Each structure stands twice: as C-alpha cells, then as structure tokens.
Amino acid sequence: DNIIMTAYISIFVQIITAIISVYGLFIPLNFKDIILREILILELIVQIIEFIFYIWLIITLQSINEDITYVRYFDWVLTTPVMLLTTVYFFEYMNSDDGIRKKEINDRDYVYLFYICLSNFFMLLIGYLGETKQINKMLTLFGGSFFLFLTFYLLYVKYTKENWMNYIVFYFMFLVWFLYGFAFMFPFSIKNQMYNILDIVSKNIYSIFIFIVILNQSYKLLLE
C-alpha cells in the first residue's frame, strides 16, 4: 500500500513543482542571473525522466513478481549527472561576482565535470550490481559510499567557498544523497518508500529552491 501511496504523493509534488518551475522561466531577470533559467530547464528535463519512471512504477506495482528497485537506476544514470551539473552551475552563480553561464563553465571545466560524472557513474554501477544481487550488500555500501564521497569531494574542492551559504547548500545536498545509500540497507517496501520521498527532496525541493532564488533576484530588479 505504502509504496503506491508515496508514489502518488511524489507524482503530486512533481506536478506542483513543474508548474512552479515553468512560471519561474518567464520571471524577468538581469542578464547576469539567466543561468538560474538554464538550471530550471535542466531540472525540468530531469522531471520528464522522473515522471516516466513514477508512471511506470504506479502501473507496474498493481502486479509485481520481483524486487523492481533496480529499475530506478535507469532513471538515476540519466538524471544524477544532470543534477551534479546544475549543482556546479548554482555554486558558480553563488560564488561569481561576475555574470557566468553554463557554456563558459562547460567549456572551461569539461575535463573536471567529466570526472565528477565518472565518479557518480561508478557509484551507480556498484549500487546496480548490489541491487541485482551480483555483489553482496556490504561491498555495495562500501564501494558506492567511496564514489559518493569522491563525487562530493571533487565538487567541494573546486566549486565551494568558505561561508555559511556554501556549507548549507553543499552539506544538505550531501546528506540527501547519502540517505539513498542508507535506504539501500532496508527491505523492499521500506527501501522504496524512502526512495519515493528522497526523490521529492533531491529533485523537486531543489527546483523550488532555484525558483525562490529567481523570485528574490526578480524582486531586486523590480525594486531597482
């Protein structure tokens, strides 16, 4: 009952977040702030993949004859790299006194961003091998956690500055992603309830956060 229930809740919050996000795209910004729009567009692309998974889940859960948790990885392998890119864009936005856009960041940092996504890919591959019972759960937790910590280390040392704004965003995101590893430990029903709620936080709450930053910047523009 509780997987299907939390899946419907997720889908509700997905639809509300998509509405807020699309409105966000239209809100007037200074040219130096337009990377926030670039971020919201990528978050909406993520939402397309998330939605297809959640519709598949609610339809499929009617009649299930195996642990289908592994199917989430077909979503994660596409969405998590995009989410790491939008995190980099936000930190660069936050920490750049000068206007910066994704083209300039992508062109300059291509190699480093590739390695962030490669670390993240190895995390997911180890998780997938664990989820499909090809390696034991302890080895999965250790190997997956190693690559999670490597991904966030790479993010930290290149893209953070030493102030409260940076610590708050970085460490909240880190905790949320860590809890996907925590969830891995749990039996099928509890694990999938946890993933259903975590997706709301990692994906949808991030989009709403970006929307709020856009609202704040647009108001400054209106007032000036």
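The term rigid core refers to the most C-alpha atoms you can superpose between the two forms while keeping them within 1.5 Å. Numbering starts at 1 and follows the sequence shown.
Farther from the shown form on average, by C-alpha root mean square after a core fit in 4 other deposited structures of this protein, is 24-32, of the stretches 24-32 and 176-184.
According to the PDB record, 5-13 carries the higher mean C-alpha B-factor of the two stretches 202-210 and 5-13. Looking at mean Cα B-factors across 25-33 and 49-57, the upper value is held by 25-33. When the Cα B-factors of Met165, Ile41, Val176, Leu155 are read from the PDB record, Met165 comes out highest. Annotation for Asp98, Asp75, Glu92, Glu131: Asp98 ranks highest, by Cα B-factor. Remark: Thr87 belongs to the lowest third of its chain, ranked by C-alpha B-factor as recorded. When the modelled residues of the chain are ordered by C-alpha B-factor, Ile135 sits in the highest third.
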